[PDB]
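Below you'll find only one chain, the form deposited in one PDB entry, shown as structure tokens.
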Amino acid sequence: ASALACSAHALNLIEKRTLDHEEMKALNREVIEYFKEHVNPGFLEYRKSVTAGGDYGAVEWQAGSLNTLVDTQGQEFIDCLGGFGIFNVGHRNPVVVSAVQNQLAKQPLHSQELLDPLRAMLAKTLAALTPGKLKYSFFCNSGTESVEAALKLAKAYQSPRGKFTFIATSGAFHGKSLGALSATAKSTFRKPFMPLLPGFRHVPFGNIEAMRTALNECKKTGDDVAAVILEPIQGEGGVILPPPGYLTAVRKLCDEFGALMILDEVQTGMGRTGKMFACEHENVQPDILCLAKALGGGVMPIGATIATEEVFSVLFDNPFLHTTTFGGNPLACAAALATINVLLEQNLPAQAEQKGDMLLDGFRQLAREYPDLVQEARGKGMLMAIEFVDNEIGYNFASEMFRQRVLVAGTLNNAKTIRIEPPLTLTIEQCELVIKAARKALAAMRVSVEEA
């Protein structure tokens, strides 16, 4: 089967909007086969360990509503995965789609030679949106690129000052490209690619005592710290809330040593935590702020790295010191400008706070009833996780929830934990259903384990 035939077969599929039964049965086996032969057979296996029966091979087809997804069989799922923090303003949010639609009619990608208007507008808007002295935005295409940019700003500012050491925390996830992977803390994700960047070190998350010692020792030996990088709340780490006061203490510690503070809000950002940015909870201003995922409104890929003029100015003298080819393209800018408008207009952060309190209270109730299965439920706003007693019970919860057409999934740096990350637009009724779905799942799990 030649390339031309495949693209042709592919374009027709793209132009369909519904599938008759045989078209659907045929599409499914294609997708599985091609996943096996040309994507990654191991994904099919993972999907199996977290589902029951032929559910593993559920093929997704379209958005059903703001908060639901429909597979090729017409089956509709309430989305509690949120694409791991992407779909904050729902699937195919009308305002974001319209913005992207309109801009596509003019220009989707720019020449990168001329001044592009929306980059300017998104930079102005993010300047306005962000705390304090954060003034300048570099645009890129992803969370990991966003962090690459932050690291490079820190390096360019700090290396002429003789500081080269970066401190991150264990449990941290910061991206998978090799620069970001150097801060990313999970052993498994790191070792096969060593050596990574030199001069990266890790302290326990949420522990200012340990961090203070890290910086002190680095100073004594002339390996002075250039920057500290952390998530305000560790995402892939299993939704780990630092003790109240931590972020502020990290901020003070960085001030004292003249280290930069990098906040990775790729997952906590754009309202997910009940505020626009998680750092607004303790009102901490980083020197550099990393955004992505939800910044594209569920429609476009985009990352943004926002820093003070003091830091960002290292890119002024030679503007080509850091670039990327698609970064801040018009479609992506359109999407993010829409998203920002939607979040503020509909006060989605406050909604995240209220829906989050509600779900977590529900999950904490269920935790009380099933301590044979559940360890604890935790979270802030619409970033939640349920930790289970062990991995297999976790994988069974995800499976039982999928069976009830509610999408959930695990976290990258914590195997016992299932995240709950719905769109901030999840309705009150859907919230209750998600609780009811979790209850049935736990009851079923009791039976399955009890007999076994």
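Don't overthink the numbering: it's just position in the shown sequence, from 1. If you superpose the two forms and keep the largest set of C-alpha atoms that fall within 1.5 Å, you have the rigid core. Shifts are known only where both forms have a C-alpha.
For the pair 341-349 and 197-205, the record assigns the higher mean C-alpha temperature factor to 341-349. Relative to one another, 355-363 and 87-95 have unequal mean CA B-factors, and 355-363 is the one with the higher figure.
Highest CA B-factor among the listed residues (287, 224, 369, 116): 369. As recorded in the entry, 391 carries the highest CA temperature factor of 40, 425, 391, 68. Residue 309: CA B factor in the middle third of modelled residues in this chain (values from the PDB entry). Per-chain ranking of the deposited C-alpha B factor places residue 283 in the middle third. When the modelled residues of the chain are ordered by C-alpha B-factor, residue 76 sits in the highest third. In the deposited entry, the Cα temperature factor of residue 325 places it in the highest third of its chain's modelled residues. Sort the modelled residues of the chain by CA B factor and residue 385 lands in the middle third.
Only in words, not in the display: the form deposited in another entry, which the text now covers.
Comparing the two forms between this form and the one not shown on the rigid core, the single residue of 67, 28, 411, 399 with a CA shift of 2 Å or greater is 411.
Residue 41: CA moves less than 2 Å between this form and the one not shown after rigid-core fitting. Superposition on the rigid core between this form and the one not shown places the CA atom of residue 52 2 Å or more away from its counterpart. The distance between the CA atoms of residue 396 and residue 411 is at least 3 Å shorter in the other form than in the form shown here.
A shift of at least 3 angstroms pushes the Cα atoms of residue 50 and residue 240 further from each other in the other form than in the displayed structure. Taking a Cα shift of 2 Å or more after superposition on the rigid core as the cut-off, the stretches of three or more consecutive residues that move between this form and the one not shown are 48-57, 410-415.
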